[PDB]
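Input: a single structure, listed below in structure tokens.
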Amino acid sequence: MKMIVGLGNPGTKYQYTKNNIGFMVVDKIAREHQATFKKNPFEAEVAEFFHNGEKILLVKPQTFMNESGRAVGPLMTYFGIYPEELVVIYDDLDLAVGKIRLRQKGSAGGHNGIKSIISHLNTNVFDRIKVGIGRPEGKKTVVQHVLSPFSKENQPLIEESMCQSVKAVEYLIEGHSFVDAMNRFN
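Put into structure tokens, the structure is as follows:
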């Protein structure tokens, strides 16, 4: 019973920011599967759907980025999902715009989002889909970069990456191991 977490900040004003790439992906997944998100006791938005029997959960934590694990951890202990079934989808500064990178473990940049999930799952090992958002080529700081939207030149690139992210999650859905998909998509 897979859980697919897409990281992000809550609110209309962050709905097109680089840091909400995870939200955008799990929204694409939700639409493709005709699923609706409902507010959940554990600071999250949760869409349920099936795919022959098996129950997939889509999770947008409403905790803000650095407290994601406060939502993800309890919600896994609630539904009974193990970390082997988890897939977290999020932004990655040190990966180029247009590129995606599936990894099964790691420190995961200096990502605050992942750091919270580590703390509350108490494991460094779980599947992840890094979507590259690039680093600031202008005068912006990191915080300005992630909490701003993409350029017009980068926008089609990220639509490419977001489709890939979806196709990877549909690959996993169709019964393929994350290791297979790591080879297929990395």
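As numbered in the deposited numbering, residues 1 to 186 make up the sequence shown, in order. Cβ atoms here follow ideal geometry from the backbone N, Cα and C, with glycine treated the same way.
Counting other Cβ atoms within 10 Å of its Cβ, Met-1 stays below 16 and is therefore classed as exposed.
One Cα belongs to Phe-79, the other to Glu-137, and the distance between them is close to 42 Å. In the structure shown, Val-97 adopts coil according to DSSP, grouped into three states. With contacts defined by Cβ atoms closer than 8 Å, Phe-37 and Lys-60 form a contacting pair.
By the Cβ criterion, the region 105-119 is not in contact with the region 148-155, since fewer than three pairs of Cβ atoms, one from each stretch, lie closer than 8 Å. Between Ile-89 and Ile-4, the beta carbon gap of about 7 Å places them in contact (Cβ cut-off 8 Å). Residue pairing by DSSP places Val-179 opposite no residue, since no beta bridge is assigned to it. In the DSSP assignment, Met-162 falls outside any beta strand (DSSP E) and within the unbroken alpha helix (DSSP H) covering 155-173.
Counting along the chain, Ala-47 sits inside the beta strand (DSSP E) bounded by residues 44-50. By DSSP's assignment, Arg-103 forms a beta bridge with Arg-128. For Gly-132, the number of other beta carbons within 10 angstroms of its own is at least 16, and it is reported as buried.
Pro-74 has its alpha-carbon roughly 12 Å from the corresponding atom of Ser-119.
The Cβ neighbour count for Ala-96, taken over all protein chains shown within 10 Å, is under 16; the residue is labelled exposed. Between the alpha carbons of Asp-91 and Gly-22 lies a gap of roughly 7 Å. When rounded, the separation of the alpha-carbon atoms in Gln-144 and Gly-134 is 13 Å. A contact is defined here as three or more CB-CB pairs under 8 Å, and the region 161-168 fails this definition with respect to the region 50-65.
Sequence-distant partners of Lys-99 (beyond 5 residues in either direction) whose C-beta falls short of 7 Å from its own C-beta, in its chain, are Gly-132, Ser-161. A straight-line Cα-Cα distance of about 7 Å links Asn-112 and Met-65. Of the candidates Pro-156, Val-146, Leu-157, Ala-168, the residue whose Cα lies closest to the Cα of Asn-19 is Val-146. Residue environment for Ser-165: buried (at least 16 other C-beta atoms within 10 angstroms of its C-beta).
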